[PDB]
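Before any questions on binding or motion, here is one chain by itself as structure tokens, the form deposited in one PDB entry.
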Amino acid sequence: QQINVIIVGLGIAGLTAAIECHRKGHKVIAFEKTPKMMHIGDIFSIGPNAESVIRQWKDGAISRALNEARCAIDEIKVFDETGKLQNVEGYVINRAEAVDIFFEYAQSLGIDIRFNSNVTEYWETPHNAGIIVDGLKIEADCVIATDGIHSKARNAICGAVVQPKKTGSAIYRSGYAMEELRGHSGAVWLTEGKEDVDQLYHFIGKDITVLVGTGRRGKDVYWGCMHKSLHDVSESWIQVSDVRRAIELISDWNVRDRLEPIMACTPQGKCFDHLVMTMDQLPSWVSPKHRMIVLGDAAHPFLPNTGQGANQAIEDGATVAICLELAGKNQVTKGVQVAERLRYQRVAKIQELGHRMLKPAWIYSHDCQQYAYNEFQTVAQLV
């Protein structure tokens, strides 16, 4: 009577879905395309709406680990291309630390996890669903696809007409260990900062902004350069460029003497080159026979100014687990549809807020788990 779940894509969404489905008594098999945990990523934020899910894991020990691994920022100093301008309930953390924490916990639960598994084929019958991996068919009661913004699962389940759309902005970024910076005289302004506390710096130019911060109490450095680029050809999170590209962008900046060493000391002189993307609302996240669902960035990428990508990935994973538990093995199709309907409007409202900012308590104060328990039978009846 145990529900068998396949999860594709072990980012934040897939790892939360794996942990939560396992906690709800389902049998999880999870698949990740990379050959090992890659430890790649930018700082993102985790808010209280996600923290309510996380703190229930292992009596708060995962929350504690995330808190220890955060960027312990006191203030944000905002400068312009020459000089100072401004000084200013979620916490900032490097994505690589968060997914590593999530993964080590997930694997410690005994969950069947398989790397080196690039999934493109999805299938379903009235009674089962599954995928093809390494030429072989893997079957289960349902499939949760959390393979990210460049989702191949979305192609299979929803179609390939709706695609992530460029915004016109692109980002160069990297992160590395502080020891790579210490000793460079052009960086003492950042490396000799108050200890036990992380700093965040915004440098605001004409259609160019540079972010520079530290994480884990000065153990890590990160930097990013957002600029307008209509013809950037980046198609993935691991597209690289020479750090020269970002230094060129600020070449006439007065603060260049401060910023150039941060970019130049990036290991191997390579940064990531990313588009800032949006995507239309999908008509449905759910397969024709209601046994497969896309969640996370695969379903609802958010503009980075919302800071909700990781949060809503976590809310997605917690919700679908409850929906499967409440529906049961015999009504898996109902649970999948209920999970979609529970989440569809909320994520859409967040996406629209991002566009409105591009030119609130209703997000942070929401408890997705209690919501799903409260609303399931109502929404099941509508389905």
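What we label the rigid core is the largest C-alpha set whose atoms superpose within 1.5 Å from one form to the other. Start at 1 with the first residue shown and count on from there.
The same protein has a further form, the form deposited in another entry, not shown here; the description that follows concerns it.
Student: Using a core superposition, identify the member of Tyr105, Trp123, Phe79, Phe115 whose Cα displacement between this form and the one not shown reaches 2 Å or more.
Tutor: Shifted by 2 Å or more: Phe79 only.
Student: Please determine whether the C-alpha atom of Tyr201 is displaced by 2 Å or more between this form and the one not shown following superposition on the rigid core.
Tutor: Shift at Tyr201: 2 Å or more after core fit.
Student: Is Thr266 one of the residues whose Cα moves 2 Å or more between this form and the one not shown, with the core superposed?
Tutor: Yes, the C-alpha position differs by at least 2 Å between this form and the one not shown.
Student: Quick check on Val210: with the core superposed, does its CA move 2 angstroms or more between this form and the one not shown?
Tutor: Yes, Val210 moves 2 Å or more.
Student: Distance change of 3 Å or more between the C-alpha atoms of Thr120 and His231 in that other deposited form: closer or farther compared with this structure?
Tutor: It is farther: in that other deposited form, the C-alpha atoms of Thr120 and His231 lie at least 3 Å more apart than they do here.
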